[PDB]
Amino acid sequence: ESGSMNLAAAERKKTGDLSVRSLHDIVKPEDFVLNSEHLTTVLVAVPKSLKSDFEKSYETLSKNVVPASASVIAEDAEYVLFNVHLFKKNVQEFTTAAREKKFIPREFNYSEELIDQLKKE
């Protein structure tokens, strides 16, 4: 029934690495905390050699970070892209702290209509 479709697909490079590429084809709506007064989600692209560091330190990059809220969204040959849930008022502190550890926070100011539009994929 649901067969007769190509599940093993040959895909070509259309973008650069995870640190610079567009993320609309990578992220799903469920990766983001929507409609919250205090909570939001930041995406961090982390170089593979620093994957271990991020995992055991992201919870202290800033105050008010939701513990054990990180997950792997995607990976390429150079980077691993994480998402992290935290308080909006601590995002600036977080992104700055992340840059210092040579991580790369991916700016992605999603709204409810910019994520409901993402369900069209």
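Residue numbers here begin at 1 and follow the sequence given.
The deposited model assigns a higher average Cα B-factor to 108-116 than to the other stretch when 11-19 and 108-116 are compared. When 81-89 is weighed against 56-64, 56-64 comes out higher, by mean CA B-factor as recorded in the entry. Among the modelled residues of its chain, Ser71 has a C-alpha B-factor that falls in the lowest third according to the deposited record. Among the modelled residues of its chain, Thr96 has a C-alpha B-factor that falls in the middle third according to the deposited record.
Sorting the modelled residues of the chain by their CA temperature factor places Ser49 in the highest third.
For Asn35, the recorded CA temperature factor ranks within the highest third of the chain's modelled residues.
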